[PDB]
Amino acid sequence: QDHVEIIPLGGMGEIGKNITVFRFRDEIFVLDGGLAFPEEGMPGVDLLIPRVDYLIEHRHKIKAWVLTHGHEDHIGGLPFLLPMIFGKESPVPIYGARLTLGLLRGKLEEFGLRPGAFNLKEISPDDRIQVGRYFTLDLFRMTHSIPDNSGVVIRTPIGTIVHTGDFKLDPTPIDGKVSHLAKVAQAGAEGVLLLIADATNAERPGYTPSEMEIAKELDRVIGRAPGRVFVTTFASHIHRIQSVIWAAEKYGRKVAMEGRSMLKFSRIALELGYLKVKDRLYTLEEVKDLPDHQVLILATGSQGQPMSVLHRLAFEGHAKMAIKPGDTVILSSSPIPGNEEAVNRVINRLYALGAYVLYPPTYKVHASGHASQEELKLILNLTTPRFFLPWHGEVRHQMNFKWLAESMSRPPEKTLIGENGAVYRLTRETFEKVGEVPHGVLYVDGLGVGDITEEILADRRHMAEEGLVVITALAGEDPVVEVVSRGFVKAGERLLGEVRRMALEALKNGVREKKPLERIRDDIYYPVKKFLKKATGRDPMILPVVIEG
């Protein structure tokens, strides 16, 4: 009769804004609460966060919030999500490792969220915590692109759920902290009911290169740089940042840092001992008049991602720095899903500015923080789950992980492709989607959350693809109709006179018939809509503005 309910609100069928709800009877615990960065073409938007209607409604049932690591797509939404769910304070335990909470506290500060306003509980990446009456969570350290990263064995009343968390099996991590697989292998031997695993590189054969390999390559290309060196990466990629710092130090270069979020995350990492710097980190101004060959700039965008700073350096221009011939620019991160070709344009432009650009995959200046097939198969054989739920990847990633699992010695009884908002029921003998709950995203820009909406976005697309047709109609005894367009096909642009004309007949009949301005609007809208369709095969946005006299 007993069953666990798994409800993803973000992170399924996508890479970003991870948050997964677990529930047994009337006790809930949440795993992460990340944000997702926006794709280009969606200007204005700073970040996306998952809709948590379900948690707001069941807020009093949440017994704890568990955070796996400090990447923005795992804790970036919290400064927004917490207030939405609990208000400006809460007693609910929010567990996380030292670095993870250090970064979280840093973010909360920025939102005026008091320190102890929330109950942050610092734990070990390998800790064991009891959540309410029904959940015993056994965390285990996993190598990833940030220190203090964990997976978790979720022990429930009906069996074990092994959650790999974000991971790769780096044999030689920069901080010397290898993955701890004892709890995972142990659970495998005892019997794993459900496995939830990182599908990011499920389509990639072999093993993901070690962060140390990148460190060595960065060392090489940097020691080869004739003048200045610019390195872009995510602010939360502490391992990469350390690799860069070591490179800069070895060749006598002072490290300057640009990007609010990275200076912040880096300061915190230094205070807590996760980062070490021979000298100290400097600002752009402090290295202003340094010889080109003794300067290395670590930069990212205001929100933590490299895109915005790369784009400004290449196009609109940056107020604090400018690219010049001879400069070496290294993109030490992969593009946000959807920005791949936006990055290529940036690269093209950086080259045209005279810089020597090194970027992946052409140049080995970056390595994924996720496991490739050999690492995934190892985890699959370690756990031999009865049920499988690929996560942290789009449908193709999830599907390729499913195919990978199906080719193992003891394939899972059943594998499901998880979706955001879906409700999965897990029993000792079954696993199935049994419903859905309100889900989605909320858009965030400077002017707060929601300033941008799905509707606003929908109109922008209808606009961007079909154009606009504005019909100005004066409803009086001497009716007037003017039609103008923009971004509309020239062919249709020559049919506006016919538009104006049919709008006039509608306007006159509307008046003569004492109709309300709204039904007159409809009377104009629908006919012109159909006409331009049956005439140009286009669906421009038709804005009928009907004004009395």
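Sequential numbering from 1, following the sequence displayed.
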> Would 134-142 or 309-317 have the larger average of its C-alpha temperature factors, as given in the entry?
Replying inline: 309-317
> If you average the Cα B factors in the entry, which is higher, 436-444 or 387-395?
Replying inline: 436-444
> What's the residue among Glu72, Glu374, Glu213, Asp451 with the greatest CA temperature factor in the PDB record?
Replying inline: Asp451
> Hey, out of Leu496, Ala64, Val52, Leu35, whose CA B-factor is highest in the deposited coordinates?
Replying inline: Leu496
> Considering only modelled residues of the same chain, in which third does the CA B-factor of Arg224 rank: lowest, middle or highest?
Replying inline: highest
> Which third, lowest, middle or highest, does the CA B-factor of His237 fall in along this chain?
Replying inline: lowest
> Would the CA B-factor of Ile7 place it in the lowest, middle or highest third of its chain?
Replying inline: lowest
>> Quick check for you: using the entry's CA B-factors within this chain, is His163 in the lowest, middle or highest third?
In response: lowest
>> For the chain shown, is the CA B-factor of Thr415 in the lowest, middle or highest third of its modelled residues?
In response: middle
